[PDB]
Amino acid sequence: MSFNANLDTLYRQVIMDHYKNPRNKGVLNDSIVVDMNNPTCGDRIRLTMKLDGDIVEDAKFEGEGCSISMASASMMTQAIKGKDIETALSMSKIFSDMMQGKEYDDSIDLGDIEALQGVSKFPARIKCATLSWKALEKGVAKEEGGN
Ligand SMILES: [Zn+2]
């Protein structure tokens, strides 16, 4: 194939490490219920979280669609499930800081960024990059505190 291929393995290990985990069928309403679908494909994911303050204490995710979308979300949610609000706001600031600074997450936990960096930038995956990442952003992220 005349492509970089640099994404396949990334999300392969992503969908594979997550296979060890529960799948892409979980939803709750103890806090916030985030839903995002890409009508262009069939891509849809639901990040339902449980944040009793400024911490994500639980997060259940439902996903169906492209192999990368349902993979990146469920992997990074599994990682996000163990974060705080400030940290995840930083994950969104980091997503913004990456493309300009060349560095990214000082913790190197990039479950979504790794999988979606290749997604975010294809005309065929960009609507899915809004699907997955922006939903993840709409879950506990914002990039900027408000400035
Ligand atoms: Zn798609």
# chains A, B, ... in the order shown; residues from 1 in each chain; ligands from 1
>>> select_by_dssp(residues="stretch 5-146 of chain A", states="helix (DSSP H, G or I)", output="PyMOL selection string")
chain A and resi 8-17+69-80+85-101+111-116+126-140
>>> residues_near_ligand(ligand="ligand 1", cutoff="12 Å", atoms="only C-alpha atoms and all ligand atoms", output="PyMOL selection string")
chain A and resi 36-45+63-71+116+119-120+122-132
>>> write_last_selection(atoms="C-alpha atoms", output="JSON list (two decimals), in the first residue's frame")
[["chain", "number", "residue", "atom", "x", "y", "z"],
["A", 36, "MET", "CA", -21.09, 11.87, 19.63],
["A", 37, "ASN", "CA", -21.89, 10.29, 16.30],
["A", 38, "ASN", "CA", -20.58, 10.65, 12.77],
["A", 39, "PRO", "CA", -23.62, 10.28, 10.43],
["A", 40, "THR", "CA", -21.17, 10.15, 7.54],
["A", 41, "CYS", "CA", -20.08, 6.68, 8.66],
["A", 42, "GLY", "CA", -22.01, 5.10, 11.46],
["A", 43, "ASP", "CA", -19.30, 6.11, 13.92],
["A", 44, "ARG", "CA", -20.87, 6.70, 17.35],
["A", 45, "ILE", "CA", -19.44, 6.74, 20.85],
["A", 63, "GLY", "CA", -18.64, 2.67, 20.80],
["A", 64, "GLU", "CA", -19.44, 1.50, 17.30],
["A", 65, "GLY", "CA", -18.02, 2.64, 13.98],
["A", 66, "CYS", "CA", -14.56, 2.75, 12.45],
["A", 67, "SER", "CA", -11.93, 0.44, 13.87],
["A", 68, "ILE", "CA", -9.82, 3.35, 15.02],
["A", 69, "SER", "CA", -12.68, 5.33, 16.53],
["A", 70, "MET", "CA", -14.09, 2.62, 18.74],
["A", 71, "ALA", "CA", -10.48, 1.74, 19.60],
["A", 116, "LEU", "CA", -6.12, 9.79, 16.55],
["A", 119, "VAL", "CA", -7.15, 10.18, 12.20],
["A", 120, "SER", "CA", -7.50, 13.89, 12.94],
["A", 122, "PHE", "CA", -7.44, 12.67, 6.90],
["A", 123, "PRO", "CA", -10.50, 14.06, 5.07],
["A", 124, "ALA", "CA", -11.99, 10.62, 5.67],
["A", 125, "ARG", "CA", -11.08, 10.47, 9.35],
["A", 126, "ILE", "CA", -11.37, 14.12, 10.33],
["A", 127, "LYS", "CA", -15.06, 13.95, 11.01],
["A", 128, "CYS", "CA", -14.18, 10.85, 13.02],
["A", 129, "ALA", "CA", -11.49, 12.82, 14.79],
["A", 130, "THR", "CA", -14.20, 15.16, 15.95],
["A", 131, "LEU", "CA", -16.25, 12.11, 16.75],
["A", 132, "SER", "CA", -13.66, 10.47, 18.98]]
>>> select_by_dssp(residues="chain A", states="strand (DSSP E or B)", output="list in words")
residues 32, 33, 34, 35, 36, 37, 38, 43, 44, 45, 46, 47, 48, 49, 50, 55, 58, 59, 60, 61, 62, 63, 64 and 84 of chain A
>>> closest_residue(among="A:105, A:62, A:35, A:144", to="residue A:93", atoms="only C-alpha atoms")
A:144
>>> closest_residue(among="A:111, A:118, A:146, A:101", to="residue A:7", atoms="only C-alpha atoms")
A:118
>>> atom_distance(atom1="atom CA of residue A:15", atom2="atom CA of residue A:30")
26.6 Å
>>> atom_distance(atom1="atom CA of residue A:23", atom2="atom CA of residue A:107")
25.2 Å
>>> closest_residue(among="A:100, A:75, A:13, A:84", to="residue A:57", atoms="only C-alpha atoms")
A:84
>>> closest_residue(among="A:113, A:72, A:104, A:98", to="residue A:17", atoms="only C-alpha atoms")
A:72
>>> residues_around(residues="residue A:80", least_positions_apart="2", cutoff="10 Å", atoms="only C-alpha atoms", output="PyMOL selection string")
chain A and resi 49+56-59+73-78+82-85+87-88+91+109-112+136+139-140
